[PDB]
Amino acid sequence: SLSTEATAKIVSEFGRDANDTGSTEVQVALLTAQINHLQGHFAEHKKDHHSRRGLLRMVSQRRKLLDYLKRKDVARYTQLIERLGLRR
Amino acid sequence: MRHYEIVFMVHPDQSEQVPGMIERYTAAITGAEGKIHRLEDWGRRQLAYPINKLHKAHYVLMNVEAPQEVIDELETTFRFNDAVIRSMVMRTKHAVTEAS
Amino acid sequence: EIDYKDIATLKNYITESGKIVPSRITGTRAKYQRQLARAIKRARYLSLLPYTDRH
Amino acid sequence: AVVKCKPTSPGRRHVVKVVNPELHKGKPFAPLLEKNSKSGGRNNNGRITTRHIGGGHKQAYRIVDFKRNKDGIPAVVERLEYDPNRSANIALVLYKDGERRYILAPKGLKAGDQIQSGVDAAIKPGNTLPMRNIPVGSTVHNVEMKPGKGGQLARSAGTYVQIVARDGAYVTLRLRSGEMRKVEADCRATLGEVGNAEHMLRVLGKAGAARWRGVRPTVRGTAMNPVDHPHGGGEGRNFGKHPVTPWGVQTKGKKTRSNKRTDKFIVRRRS
Amino acid sequence: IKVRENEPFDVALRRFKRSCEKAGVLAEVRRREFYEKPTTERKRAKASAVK
RNA sequence: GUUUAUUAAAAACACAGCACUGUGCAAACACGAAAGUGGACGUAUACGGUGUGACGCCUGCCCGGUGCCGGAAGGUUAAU
RNA sequence: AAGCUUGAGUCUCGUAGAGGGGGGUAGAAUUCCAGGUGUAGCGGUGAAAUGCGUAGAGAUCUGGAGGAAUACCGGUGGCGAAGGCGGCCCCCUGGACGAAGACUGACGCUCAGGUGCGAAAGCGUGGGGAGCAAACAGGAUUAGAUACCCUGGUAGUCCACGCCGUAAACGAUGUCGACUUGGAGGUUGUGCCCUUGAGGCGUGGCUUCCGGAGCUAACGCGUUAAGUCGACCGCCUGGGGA
């Protein structure tokens, strides 16, 4: 989960167009704000053999929200994959 | 920040150097953003297992609320005179402020 | 409870030879016996009790 | 880092090198450069005194300030550089007065970071703070076996050396040679560590690759004639003797230490 | 409280009853659930005294 | 790659690799009537030496002899 | 195509333990380093050697140091996907579990291939050698003893690590979903109690051992099923030979 001082900085950015913020656009932006934390973490002590299992749990949670959004709205999908560090 | 008891045994013969050592240590810890809650030393205290080959110690306590980023870097202050071993920081088990 | 390093309490849970008394002679639940064993073992690393009364 | 060569064209197959992108390569600071003349493995008495020597490619010498003359001066490390003269590599020290000197490249490889000199200096790595001020348990490098005599003992690559014990006005350290040795504690040392540590992983791969390194091929004693080496060829598979150097010393087990001046500084051997 | 004597000592005092191997730790482990299920036939405690 | 200039052109020698070992620095070792040099502007991932021969399979026994490493009680024993 | 909120995922809040990661650290016994006190023994077997040993072995002690494994606790125990993981401290950190509400609005389940993970032994690049010890030696026992005993000892164990995918990886239970009968006991959430309790009772998760139905040839499984019954992916059809 993410803190109330941090969620409020992301919801105002990925929830501009509409008052209801339930879109998976926000759900993957809030996930990336927590993968940023479990990806670093690494350094100090970059080497690992178990905590990165929690990162590969977030890989499925990310891939699912993108498949769901791509099924939802091709414009809100193609606009979203250009505003985050997605697909190299 | 987190609460730490920071209580070290000290060689029993250093009992009148303790007031200057704890001055030197506290003069580094406030800049490290630590708040002092309780600051004590006893003298004539005993052990059942020998340290520095003695069953006797002075005991010095520096119970603080401090940043978690500086609690092993604390060793740089103990090595600033290198006369004391094992800081024993003891993270959040018990706390008293001044006497209450 | 209330600062665990109380050696007068810890000396009431060991033999004359300093060995940890079995849970059945104190009526102690295993939940507490494991934590009391951890307290007695930690007290050696506080120098309040020898690792064996032999030394 | 360490790299093997691809087996393309004959002779590359076995060649393994050490490589480092974090360390600079180029020309040396000219006021600390000299060509350093060769002996040719011969001395002023007109005879050979060394073997496996001759030729090689062009090389100069980078002058390292191993014997120091002053203290107290603030500095910064301006360069971290490669050195063909030593496995430990080199670093350029810039003192606030506008003065430059070379030192052995510290394990951290970091440039543009300050270091202080003298007994006022902080108990921090790379400071010129002598062993009388340092805690026991610290790492030192280039440990200065005798004070004022400068940088010697434990200065080749991968070294650190830890101070193990105190013995009054002295300190004792432990060596990878199995030796535990006492020093007069006014010694400065490098108050830190030296880099590389990969140099034993190199594989020369080729029969000519020592030739450009000033090395010449040397014949086996039992393959040359009996007039030049105490071995001497036969007769196929002859030997019939105890094995010796070209000068009669038994090649294995037989000892040759004879100093007997400073035994009190050596606390333990073959440890 | 078997041994309890410190300093001066004479004769054997090694062979005792209760605690260590029967009554009521170690040995008899093949009986397993006999250590729990028989309740008031084999277990006095119950609280109010010595836990 | 090296070679017996005019009977051998090589499987030898060298050589990547390897073991065992000496060497704590005023190193061991080498030159040699002895200084001063060379080892090295190197300092134990540095230097010396032997043999075997890169790379892959790997690599046993005998300490009686002789040498080396180590040991000092008992005995032989010189100068004095 | 479009709802719906129940599956699922997200969220509000936190705890114990050998879960993982990076560093800091200590002692018995032993050996080495440096030495003393003292003398024929040590150590061990049904009985005895070799060996260490008078050149001081063993015993005993002062100062220093190394390394494995972390005694007791330790097992009706924890944590975990399996293998497993324990020792003390700190920083970072994975996964589990519940109640009243909030949110998307079937977003879910399984899964050929695909991507991942060793208790050990081994090998590979480089270290390291106290403890123990294959191999081999010395001495015994004996028909012999290639074993046990016993004086030594390499590889390996340890480490920076890499490769492998090895096993009784056997607590023989592939992964998901759901219905049903009792008890003795412990733990962890969560909600209650006319709490005269030194505590009690609901209701989820974990969970030991008996036990009713029913299934199996039989052991037994037994609500954490081998009963009952849907979804997906592999496996089986004599042994010798393989």
# chains A, B, ... in the order shown; residues from 1 in each chain; ligands from 1
$ residues_around --residues "residue 190 in chain D" --least-positions-apart "4" --cutoff "8 Å" --atoms "only C-alpha atoms (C1' of nucleotides)" --output "short mmCIF file (atom, residue, chain, number, x, y, z; two decimals) with N, CA and C atoms, in the first residue's frame"
data_model
loop_
_atom_site.label_atom_id
_atom_site.label_comp_id
_atom_site.auth_asym_id
_atom_site.auth_seq_id
_atom_site.Cartn_x
_atom_site.Cartn_y
_atom_site.Cartn_z
N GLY D 126 42.27 6.99 3.94
CA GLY D 126 43.17 7.73 3.05
C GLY D 126 43.85 8.91 3.73
N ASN D 127 43.58 9.23 5.00
CA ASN D 127 44.24 10.30 5.71
C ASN D 127 45.62 9.89 6.18
N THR D 128 46.54 10.82 6.20
CA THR D 128 47.93 10.59 6.61
C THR D 128 48.10 10.68 8.13
N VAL D 140 45.02 -0.66 6.60
CA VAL D 140 46.09 0.31 6.41
C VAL D 140 46.73 0.43 5.02
N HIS D 141 47.14 -0.65 4.35
CA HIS D 141 47.91 -0.69 3.08
C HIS D 141 49.22 0.08 3.02
N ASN D 142 50.25 -0.53 2.40
CA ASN D 142 51.59 -0.02 2.21
C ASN D 142 52.18 0.45 3.54
N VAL D 143 52.30 -0.50 4.47
CA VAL D 143 52.19 -0.27 5.92
C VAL D 143 53.38 0.36 6.59
#
$ closest_atom_pairs --of "chain G" --to "chain D" --cutoff "12 Å" --atoms "only C-alpha atoms (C1' of nucleotides)" --output "JSON lines"
{"residue": "G:31", "atom": "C1'", "partner": "D:271", "partner_atom": "CA", "distance": 10.5}
{"residue": "G:32", "atom": "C1'", "partner": "D:271", "partner_atom": "CA", "distance": 6.7}
{"residue": "G:33", "atom": "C1'", "partner": "D:268", "partner_atom": "CA", "distance": 5.6}
{"residue": "G:34", "atom": "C1'", "partner": "D:267", "partner_atom": "CA", "distance": 8.5}
{"residue": "G:63", "atom": "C1'", "partner": "D:167", "partner_atom": "CA", "distance": 11.0}
{"residue": "G:64", "atom": "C1'", "partner": "D:165", "partner_atom": "CA", "distance": 8.3}
{"residue": "G:65", "atom": "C1'", "partner": "D:164", "partner_atom": "CA", "distance": 8.8}
{"residue": "G:66", "atom": "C1'", "partner": "D:271", "partner_atom": "CA", "distance": 8.5}
{"residue": "G:125", "atom": "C1'", "partner": "D:201", "partner_atom": "CA", "distance": 8.2}
{"residue": "G:126", "atom": "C1'", "partner": "D:201", "partner_atom": "CA", "distance": 7.9}
{"residue": "G:127", "atom": "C1'", "partner": "D:176", "partner_atom": "CA", "distance": 10.9}
{"residue": "G:128", "atom": "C1'", "partner": "D:176", "partner_atom": "CA", "distance": 10.9}
{"residue": "G:129", "atom": "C1'", "partner": "D:271", "partner_atom": "CA", "distance": 11.1}
{"residue": "G:130", "atom": "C1'", "partner": "D:271", "partner_atom": "CA", "distance": 11.3}
$ residues_around --residues "residue 18 in chain E" --least-positions-apart "4" --cutoff "12 Å" --atoms "only C-alpha atoms (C1' of nucleotides)" --output "list in words"
residues 22, 24 and 25 of chain C; 1, 2, 22, 23, 24, 25 and 26 of chain E
$ write_last_selection --atoms "N, CA and C atoms" --output "short mmCIF file (atom, residue, chain, number, x, y, z; two decimals), in the first residue's frame"
data_model
loop_
_atom_site.label_atom_id
_atom_site.label_comp_id
_atom_site.auth_asym_id
_atom_site.auth_seq_id
_atom_site.Cartn_x
_atom_site.Cartn_y
_atom_site.Cartn_z
N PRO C 22 12.61 -26.80 33.10
CA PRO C 22 11.65 -27.26 32.14
C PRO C 22 10.25 -26.72 32.45
N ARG C 24 7.31 -27.75 32.70
CA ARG C 24 6.45 -28.51 33.62
C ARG C 24 6.72 -28.27 35.10
N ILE C 25 7.87 -27.79 35.49
CA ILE C 25 8.18 -27.52 36.90
C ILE C 25 7.84 -26.08 37.33
N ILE E 1 15.11 -28.74 42.48
CA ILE E 1 15.89 -28.48 43.68
C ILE E 1 16.78 -29.67 44.13
N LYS E 2 17.16 -30.55 43.19
CA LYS E 2 17.89 -31.82 43.44
C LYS E 2 19.23 -31.62 44.10
N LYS E 22 10.72 -38.96 33.18
CA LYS E 22 9.48 -39.27 33.91
C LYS E 22 9.15 -38.30 35.06
N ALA E 23 7.87 -38.06 35.31
CA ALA E 23 7.34 -37.11 36.29
C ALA E 23 7.94 -35.69 36.22
N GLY E 24 7.82 -34.93 35.13
CA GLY E 24 6.95 -35.14 33.97
C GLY E 24 7.50 -34.57 32.65
N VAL E 25 8.79 -34.67 32.43
CA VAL E 25 9.49 -34.39 31.16
C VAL E 25 10.46 -35.51 30.78
N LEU E 26 10.67 -35.72 29.48
CA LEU E 26 11.51 -36.77 28.87
C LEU E 26 11.06 -38.19 29.21
#
$ interface_residues --of "chain G" --to "chain E" --cutoff "9 Å" --atoms "only C-alpha atoms (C1' of nucleotides)" --output "list in words"
residues 76, 184, 185, 198 and 209 of chain G
$ residues_around --residues "range 50-65 of chain F" --least-positions-apart "5" --cutoff "7 Å" --atoms "only C-alpha atoms (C1' of nucleotides)" --output "list in words"
residues 243, 244, 245 and 251 of chain D; 16 and 17 of chain F
$ interface_residues --of "chain C" --to "chain E" --cutoff "7 Å" --atoms "only C-alpha atoms" --output "list in words"
residues 16, 24, 26, 27 and 28 of chain C
$ write_last_selection --atoms "N, CA, C and O atoms" --output "mmCIF file, in the first residue's frame"
data_model
loop_
_atom_site.group_PDB
_atom_site.id
_atom_site.type_symbol
_atom_site.label_atom_id
_atom_site.label_comp_id
_atom_site.auth_asym_id
_atom_site.auth_seq_id
_atom_site.Cartn_x
_atom_site.Cartn_y
_atom_site.Cartn_z
ATOM 1 N N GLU C 16 20.537 -24.451 40.210
ATOM 2 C CA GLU C 16 21.773 -24.070 40.867
ATOM 3 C C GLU C 16 22.980 -24.093 39.915
ATOM 4 O O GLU C 16 23.897 -23.322 40.086
ATOM 5 N N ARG C 24 7.311 -27.751 32.697
ATOM 6 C CA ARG C 24 6.453 -28.506 33.620
ATOM 7 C C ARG C 24 6.720 -28.274 35.102
ATOM 8 O O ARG C 24 5.830 -28.522 35.897
ATOM 9 N N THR C 26 7.466 -25.235 36.366
ATOM 10 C CA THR C 26 6.984 -23.850 36.543
ATOM 11 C C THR C 26 5.551 -23.655 36.103
ATOM 12 O O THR C 26 4.988 -22.573 36.270
ATOM 13 N N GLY C 27 4.960 -24.667 35.500
ATOM 14 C CA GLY C 27 3.626 -24.607 34.939
ATOM 15 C C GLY C 27 3.508 -23.664 33.729
ATOM 16 O O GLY C 27 2.435 -23.158 33.443
ATOM 17 N N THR C 28 4.597 -23.379 33.039
ATOM 18 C CA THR C 28 4.668 -22.341 32.001
ATOM 19 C C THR C 28 4.223 -22.844 30.631
ATOM 20 O O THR C 28 4.692 -23.879 30.149
#
$ atom_distance --atom1 "CA of residue 195 in chain D" --atom2 "CA of residue 106 in chain D"
5.6 Å
$ residues_around --residues "residue 231 in chain G" --least-positions-apart "2" --cutoff "12 Å" --atoms "only C-alpha atoms (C1' of nucleotides)" --output "list in words"
residues 109, 110, 111, 175, 176, 177, 229 and 233 of chain G
$ write_last_selection --atoms "C-alpha atoms (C1' of nucleotides)" --output "PDB file, in the first residue's frame"
ATOM      1  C1'   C G 109      -8.940 -20.495 -12.647  1.00  0.00           C
ATOM      2  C1'   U G 110      -5.559 -23.716 -14.851  1.00  0.00           C
ATOM      3  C1'   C G 111      -1.788 -23.925 -18.344  1.00  0.00           C
ATOM      4  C1'   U G 175      -3.432 -26.764  -9.162  1.00  0.00           C
ATOM      5  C1'   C G 176      -8.531 -24.532  -8.367  1.00  0.00           C
ATOM      6  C1'   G G 177     -13.948 -25.067  -6.582  1.00  0.00           C
ATOM      7  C1'   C G 229     -18.276 -33.642  -7.346  1.00  0.00           C
ATOM      8  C1'   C G 233      -2.279 -29.946 -17.311  1.00  0.00           C
TER       9        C G 233
END
$ decode --residues "chain F" --atoms "C-alpha atoms (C1' of nucleotides)" --output "PDB file, in the first residue's frame"
ATOM      1  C1'   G F   1      59.243 -19.655 -33.238  1.00  0.00           C
ATOM      2  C1'   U F   2      64.996 -21.936 -32.393  1.00  0.00           C
ATOM      3  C1'   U F   3      69.441 -25.074 -34.617  1.00  0.00           C
ATOM      4  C1'   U F   4      74.716 -28.127 -35.381  1.00  0.00           C
ATOM      5  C1'   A F   5      77.672 -21.273 -41.454  1.00  0.00           C
ATOM      6  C1'   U F   6      79.161 -27.034 -46.098  1.00  0.00           C
ATOM      7  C1'   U F   7      75.998 -34.685 -44.298  1.00  0.00           C
ATOM      8  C1'   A F   8      70.459 -33.898 -39.142  1.00  0.00           C
ATOM      9  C1'   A F   9      65.684 -28.935 -39.997  1.00  0.00           C
ATOM     10  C1'   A F  10      63.206 -32.384 -36.326  1.00  0.00           C
ATOM     11  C1'   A F  11      59.186 -35.527 -32.107  1.00  0.00           C
ATOM     12  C1'   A F  12      64.835 -31.909 -29.547  1.00  0.00           C
ATOM     13  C1'   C F  13      65.104 -26.721 -27.319  1.00  0.00           C
ATOM     14  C1'   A F  14      61.703 -22.725 -26.544  1.00  0.00           C
ATOM     15  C1'   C F  15      56.464 -22.032 -25.131  1.00  0.00           C
ATOM     16  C1'   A F  16      50.723 -21.038 -22.949  1.00  0.00           C
ATOM     17  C1'   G F  17      49.766 -24.130 -18.615  1.00  0.00           C
ATOM     18  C1'   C F  18      51.380 -26.915 -13.865  1.00  0.00           C
ATOM     19  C1'   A F  19      53.440 -28.710  -8.982  1.00  0.00           C
ATOM     20  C1'   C F  20      56.867 -28.386  -5.374  1.00  0.00           C
ATOM     21  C1'   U F  21      59.856 -24.989  -3.040  1.00  0.00           C
ATOM     22  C1'   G F  22      62.964 -20.745  -1.382  1.00  0.00           C
ATOM     23  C1'   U F  23      62.343 -15.353  -0.362  1.00  0.00           C
ATOM     24  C1'   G F  24      59.596 -10.421   5.265  1.00  0.00           C
ATOM     25  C1'   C F  25      63.120  -6.632   2.159  1.00  0.00           C
ATOM     26  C1'   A F  26      69.326  -3.861   4.042  1.00  0.00           C
ATOM     27  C1'   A F  27      64.633 -10.240   0.352  1.00  0.00           C
ATOM     28  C1'   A F  28      66.410 -14.778  -1.319  1.00  0.00           C
ATOM     29  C1'   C F  29      69.826 -14.975  -5.303  1.00  0.00           C
ATOM     30  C1'   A F  30      73.761 -13.358  -8.814  1.00  0.00           C
ATOM     31  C1'   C F  31      79.043 -10.617  -9.994  1.00  0.00           C
ATOM     32  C1'   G F  32      83.401 -11.000  -7.478  1.00  0.00           C
ATOM     33  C1'   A F  33      90.351 -10.710  -3.775  1.00  0.00           C
ATOM     34  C1'   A F  34      85.635  -6.123  -2.433  1.00  0.00           C
ATOM     35  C1'   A F  35      83.441  -2.665  -2.692  1.00  0.00           C
ATOM     36  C1'   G F  36      79.659  -0.884  -5.527  1.00  0.00           C
ATOM     37  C1'   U F  37      76.156  -2.771  -8.458  1.00  0.00           C
ATOM     38  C1'   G F  38      72.236  -6.153 -10.632  1.00  0.00           C
ATOM     39  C1'   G F  39      67.345  -8.354  -8.179  1.00  0.00           C
ATOM     40  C1'   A F  40      64.090  -3.277  -8.177  1.00  0.00           C
ATOM     41  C1'   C F  41      63.189   2.714  -8.435  1.00  0.00           C
ATOM     42  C1'   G F  42      59.994  -3.861  -7.717  1.00  0.00           C
ATOM     43  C1'   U F  43      58.033  -5.288  -1.685  1.00  0.00           C
ATOM     44  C1'   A F  44      54.319 -11.677  -1.012  1.00  0.00           C
ATOM     45  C1'   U F  45      48.429 -11.315  -6.759  1.00  0.00           C
ATOM     46  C1'   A F  46      56.469  -9.216  -5.708  1.00  0.00           C
ATOM     47  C1'   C F  47      60.873 -11.818  -6.954  1.00  0.00           C
ATOM     48  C1'   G F  48      64.100 -16.432  -7.346  1.00  0.00           C
ATOM     49  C1'   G F  49      64.521 -21.908  -9.137  1.00  0.00           C
ATOM     50  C1'   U F  50      63.632 -26.699 -10.988  1.00  0.00           C
ATOM     51  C1'   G F  51      61.341 -30.340 -14.274  1.00  0.00           C
ATOM     52  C1'   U F  52      57.066 -31.274 -17.117  1.00  0.00           C
ATOM     53  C1'   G F  53      54.794 -29.047 -21.500  1.00  0.00           C
ATOM     54  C1'   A F  54      49.246 -25.417 -24.503  1.00  0.00           C
ATOM     55  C1'   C F  55      43.710 -27.620 -24.319  1.00  0.00           C
ATOM     56  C1'   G F  56      40.530 -32.075 -22.298  1.00  0.00           C
ATOM     57  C1'   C F  57      41.257 -37.604 -18.927  1.00  0.00           C
ATOM     58  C1'   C F  58      44.109 -37.267 -15.137  1.00  0.00           C
ATOM     59  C1'   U F  59      48.457 -38.546 -12.213  1.00  0.00           C
ATOM     60  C1'   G F  60      49.310 -44.975  -7.261  1.00  0.00           C
ATOM     61  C1'   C F  61      53.437 -47.143  -3.983  1.00  0.00           C
ATOM     62  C1'   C F  62      58.727 -47.678  -1.376  1.00  0.00           C
ATOM     63  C1'   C F  63      61.663 -43.183   3.785  1.00  0.00           C
ATOM     64  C1'   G F  64      66.051 -49.179   3.024  1.00  0.00           C
ATOM     65  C1'   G F  65      70.195 -45.730   0.688  1.00  0.00           C
ATOM     66  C1'   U F  66      71.540 -40.502  -0.076  1.00  0.00           C
ATOM     67  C1'   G F  67      70.194 -35.421   0.538  1.00  0.00           C
ATOM     68  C1'   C F  68      66.994 -31.881   2.686  1.00  0.00           C
ATOM     69  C1'   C F  69      63.422 -30.078   6.879  1.00  0.00           C
ATOM     70  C1'   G F  70      63.266 -30.599  12.187  1.00  0.00           C
ATOM     71  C1'   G F  71      65.054 -32.328  16.871  1.00  0.00           C
ATOM     72  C1'   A F  72      67.965 -32.326  21.026  1.00  0.00           C
ATOM     73  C1'   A F  73      68.971 -36.405  25.944  1.00  0.00           C
ATOM     74  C1'   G F  74      72.970 -40.284  25.767  1.00  0.00           C
ATOM     75  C1'   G F  75      78.159 -41.596  23.401  1.00  0.00           C
ATOM     76  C1'   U F  76      82.687 -40.548  20.004  1.00  0.00           C
ATOM     77  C1'   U F  77      85.459 -35.446  19.425  1.00  0.00           C
ATOM     78  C1'   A F  78      89.470 -30.363  17.924  1.00  0.00           C
ATOM     79  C1'   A F  79      91.547 -25.666  19.353  1.00  0.00           C
ATOM     80  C1'   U F  80      92.356 -24.343  24.524  1.00  0.00           C
TER      81        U F  80
END
